[PDB]
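One chain follows as structure tokens, the form deposited without the ligand.
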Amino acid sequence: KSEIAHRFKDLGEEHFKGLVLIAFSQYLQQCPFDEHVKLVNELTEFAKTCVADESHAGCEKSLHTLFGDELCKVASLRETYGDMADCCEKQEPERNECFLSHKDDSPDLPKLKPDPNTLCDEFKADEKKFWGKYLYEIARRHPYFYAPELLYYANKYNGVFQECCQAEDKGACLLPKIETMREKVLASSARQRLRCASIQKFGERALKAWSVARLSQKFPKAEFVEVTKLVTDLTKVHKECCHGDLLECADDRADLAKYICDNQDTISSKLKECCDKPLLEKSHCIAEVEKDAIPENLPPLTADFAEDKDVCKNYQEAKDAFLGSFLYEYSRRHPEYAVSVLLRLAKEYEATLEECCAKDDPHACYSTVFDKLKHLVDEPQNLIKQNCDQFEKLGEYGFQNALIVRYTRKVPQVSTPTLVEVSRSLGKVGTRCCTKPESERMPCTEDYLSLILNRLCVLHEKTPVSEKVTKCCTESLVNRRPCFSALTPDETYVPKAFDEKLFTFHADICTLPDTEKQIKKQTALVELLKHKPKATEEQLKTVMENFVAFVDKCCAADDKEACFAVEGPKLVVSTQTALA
């Protein structure tokens, strides 16, 4: 009768406290760590009270009710967060959707530069708080981070500091490990955000479809009804995470991990290795598991979904069940496809049935449906065949630079900091993907774009300025990459007026770290194309060069500032000659 007692019992105090802490850090992103801790314990103490006495006053409230009551006691709330304190005026579930809406997906908080020595002492100073501070720093930065998975990563973090803090040159031991891990974490955020976006913007069934695709690939051996059960459970888990119900999300995720291990036979043979780890490690392992072998001799899809005479009758009888079935069959025997394409394929199959089952001889129309699809599979490979195999010549950094011009021309109205962050990430696919077996590029890249493109839609949808982008993001989820790739620059676009401040540079530029410097450098490329929408392709190879030669002189010459002072106006006036 007490949701909070139940969750404290099911998860135990340590995890309970971490999740609860993750919750605050994700709602109240600009609040300080020591405060949120203050808020975690009393809620923990309170939870202890209702497990002792479950009929005590208030332990029968929902966790949203109880958690939200805490947020609404935050002294600095309207002062720190403003309009968010309006949320406190509402009733559940409205209060919580209001709070959710104020989650900053671009909290513009300070990048964490880790000094191995100053960190390792804190680690040994206090382990558990070290772990907590980790949960906090990542969650505030990714307000939709998959919670139980964040706990897993905090654990992994300590072990890296646990086992690399007894060294001489710690720093040489650490940085590589923590750089690799934070890459995994970035990805993990991007995925969960996509799962969140599908639900909010395309409804539950969009995410179900996605889950069907993923699981049917990994467990091609399992029966469709088995796969369905995993889908609803897993969807509920994500629906819960994406709504802030972290304790319930975590608890349910654990319950799902068990069911899966308890039923390996009907599901997969590659499970035997995961289902023998501790809970967090187990679930991560299950999520990353290798796909099982496809079953032996199976009827072609054409049989049950095209040639058969009763498809419209079967489809009309239970549309979603029937479509899920199609997605099941298609995916289990095609691990090579990206789940993104599979959805694209099923979305198509649905539209034709809608069309054809309405015509006079519906079977005449649909019999050919596998002729339209078998093309949708071919469309993507080419768009992989011109680029990563474009990519080798330019290399990565060059490639990103190639992309900024292309996308900026596509959608110039987009905020610069967005184009930069995005454009960078698209280029990073090559190092990410195109090194892979040429066979598995397509799932990898189509799967990464769906992540990067989502990031774009989520940044844009708040401060919306470009209709083409709204169109591509909003129209469909499966077709976002096609909608965006299909984009062309509009001669309607009126070029951005010149602002010296954009093209002016200071000694700070040299005193920058290597990467951020690129962004500060890449930002300017962005501004030019906004300024000169119809610029050409080779002067850029010269205009950047005078620039790369510019920064070197100044970073070289003695008076670190003076060159910038006199050199700087020169490049603009030269490059402003070359503007035509």
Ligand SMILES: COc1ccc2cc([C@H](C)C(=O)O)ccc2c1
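So that there is no doubt, residue numbering starts at 1 and follows the sequence shown.
Note that the form deposited with the ligand bound isn't included here; everything after this is about it.
- Judged by heavy atoms within 4.5 Å of the ligand in the entry with it bound, the contact stretch among the candidates 403-411, 162-170, 97-105, 299-307 is 403-411.
- The closest non-hydrogen atom of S476 lies within 4.5 Å of the ligand in the entry with it bound.
- The ligand is not drawn, but in the entry with it bound it has no heavy atom within 4.5 Å of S269.
- In the entry with it bound, the ligand sits beyond 4.5 Å of every heavy atom of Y337.
- Although the partner is absent from this view, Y349 stays clear of the ligand in the entry with it bound, with no non-hydrogen atom inside 4.5 angstroms.
- The contact with the ligand in the entry with it bound, taken as any heavy atom within 4.5 Å, belongs to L426 out of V458, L426, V420, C120.
- Shown without its partner, this chain lists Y81, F484, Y152, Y366 as candidates; in the entry with it bound, only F484 has a non-hydrogen atom within 4.5 angstroms of the ligand.
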